[PDB]
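In: Everything below, folded, please.
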Amino acid sequence: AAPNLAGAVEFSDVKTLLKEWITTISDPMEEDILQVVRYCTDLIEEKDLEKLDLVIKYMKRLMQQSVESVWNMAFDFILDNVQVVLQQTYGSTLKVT
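Out: Numbering: from 1, shown residues only. See the structure here:
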């Protein structure tokens with residue numbers, strides 16, 4: 001039951017929201033991974049995935065600094081969820097160089 005905090009509608013608020021979840025937290029629960037996915041899956045629903053595509057670059061570059069498998073695997077699933085959901089509405093996915 002999180003507090004009454006905004007949903008980081010702005011990209012500037014999202015980046016800081018992720019960096020903190022990666023720094024402050026080290027061994028999050030499945031819920032944490034499901035929360036980040038919700039925000040993304042919610043964006044594509046409002047065609048506001050524009051900022052989302054950019055967030056992926058921040059997460060992929062962030063999780064990289066970490067060695068823990070929990071983070072590496074987490075990203076693989078998270079990015080896979082946002083890439084799949086959009087693949088159903090669009091038909092394809094984005095490239096992760």
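In: ok, now which ones touch the spatially most central residue of the chain?
Out: In the chain, the residue lying closest to the centroid (Cα atoms, centre = their mean) is residue 36, at 4.8 Å. By Cβ atoms under 8 Å, 6 or more residues apart in numbering, residue 36 lies in contact with 18, 21, 78. Backbone N, C-alpha and C define where each C-beta goes, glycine included.
In: List the ones among those residues that fall in helices.
Out: Among the contacts of residue 36, the ones falling in helices (DSSP state H) are 18, 21, 78.
In: Just give me the neighbour total for the residue lying closest to residue 70 once chain neighbours are set aside.
Out: Distance criterion Cβ to Cβ, 6 or more residues apart in numbering; nearest residue to residue 70, sequence neighbours excluded, is residue 27 at 6.3 Å. If you count neighbours by other Cβ atoms under 10 Å, residue 27 ends up with 8.
In: just to revisit the earlier point, of the contacts of residue 36 - the most surrounded one?
Out: residue 78 (19 neighbours).
In: hang on, it packs against residue 32?
Out: No - applying Cβ atoms under 8 Å, one finds residue 78 not in contact with residue 32, separated by 10.0 Å.
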